[PDB]
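One chain follows as structure tokens, the form solved without the ligand.
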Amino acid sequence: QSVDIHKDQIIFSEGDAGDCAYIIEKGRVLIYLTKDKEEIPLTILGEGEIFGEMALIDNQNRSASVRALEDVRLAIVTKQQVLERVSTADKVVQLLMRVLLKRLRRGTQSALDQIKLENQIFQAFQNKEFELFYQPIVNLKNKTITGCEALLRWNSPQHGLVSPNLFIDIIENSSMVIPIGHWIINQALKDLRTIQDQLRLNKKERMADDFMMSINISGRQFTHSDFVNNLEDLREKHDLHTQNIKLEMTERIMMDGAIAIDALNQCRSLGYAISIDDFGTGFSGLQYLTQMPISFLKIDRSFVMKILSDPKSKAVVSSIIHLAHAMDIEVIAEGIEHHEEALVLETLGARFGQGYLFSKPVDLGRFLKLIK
């Protein structure tokens, strides 16, 4: 909505209640204070400048008066429009705005903490405090280790064992995912080379050929272009085959719809296995799985820990397993802690499993012992 004001009209005065702000589309306006009939100019605003935001942002009165220097045309921005856009902005951006506002007139402790935590995470990465552990994936019927998932671990000397609940999300929607993710993939692929070599050296030739290293890939690093180029470079570096490398993704990817179907279809043509991690939670979902080069899906612990108790959870799990089979997708059920859970999941048709029942995540050295 657009409004035309004549030259010399006082649009509002210092000390008035704020109703709305205004974006100048044509002409010029003067911002002034008055102090005993002496008019003190602050500035002249022209096309594109917004004015009157300040009263709206923190329900104070007008900090200055505003007069049209010539005929002007103003677009009206409402209190609610400004408050809405501000309240939904990033909390560090909200902090930055509050500090600027208060200085110009002359959730903060949560926002400073987020900034600090990020810097603490990345310094710990560069101080070599992270390592990968490996959690066996087992064939449910014959109890054989068929692969492993690479899981990030923070062994901070000050705090002891730092929980992945904290730092994984910070890492994943931060630019540091790219350097951290490049390190993860290289390490996983390096340790895959070692697992295969050791398996062969102990005459388990077929196990080595069929072994799947499962690597968690975030959306950010997946949609970063040349992700596939670096992934390929790192595979050839360690002389590995695509068929032994499974890329675990959260369905939040498909979100990027056609684009996604893109790289995912890319990799699949190279022979990488693609897996939907935490299926049925998050945006890890049914609708896109219809048209996806998906070889695996993981049934989240949240379902598995309710199999025996809540029989409506047993229904949902059977549905997912039977659906996966109808699309020739195989299933890994994770969070398996009891033999009774593994029994039921095998009867329902899940081929693979992971969890404490079989083994917790362990360092490479202990994993190399488990496979023997």
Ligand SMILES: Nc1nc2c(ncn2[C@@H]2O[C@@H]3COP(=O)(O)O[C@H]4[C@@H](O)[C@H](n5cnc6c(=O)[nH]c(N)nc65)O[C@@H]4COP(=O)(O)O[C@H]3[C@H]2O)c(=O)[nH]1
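The first residue of the shown sequence is 1; numbering continues from there. Just so we're on the same page, rigid core means the largest C-alpha set that superposes within 1.5 Å between forms.
There is another form of the same protein, the form deposited with the ligand bound; it is not shown, and what comes next is about it.
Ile168 is the sole member of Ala124, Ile168, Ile261, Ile145 with a non-hydrogen atom within 4.5 Å of the ligand in the deposited bound form. With the partner omitted from this view, the residue of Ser275, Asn244, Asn216, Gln196 that lies near the ligand in the deposited bound form is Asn216 [heavy atom within 4.5 Å]. This chain is displayed without the ligand, yet in the deposited bound form the stretch 276-284 from 232-240, 205-213, 83-91, 276-284 comes within 4.5 Å of it by heavy atoms.
Using a 4.5 Å cutoff between non-hydrogen atoms, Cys267 does not count as a contact of the ligand in the deposited bound form. Contact check for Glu251: every heavy atom lies farther than 4.5 Å from the ligand in the deposited bound form. Contact check for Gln114: no non-hydrogen atom falls within 4.5 Å of the ligand in the deposited bound form. For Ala342, no non-hydrogen atom is located within 4.5 Å of the ligand in the deposited bound form, even though that partner is not displayed. Residues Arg153, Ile168, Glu172, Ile184 of 153-185 are found to place at least one heavy atom within 4.5 Å of the ligand in the deposited bound form. Only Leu161, out of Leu270, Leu161, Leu201, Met255, shows a C-alpha shift of 2 Å or more between the shown form and the other one on alignment of the rigid core. Core-aligned CA deviation for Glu47 between the shown form and the other one: 2 Å or greater.
With the core held fixed, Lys312 shows a CA shift below 2 Å between the shown form and the other one.
Compared with the form shown here, the C-alpha atoms of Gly160 and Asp277 sit at least 3 Å closer together in the deposited bound form. Panel note: the distance between the CA atoms of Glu172 and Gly160 is smaller in the deposited bound form than in this form, the difference being 3 Å or more.
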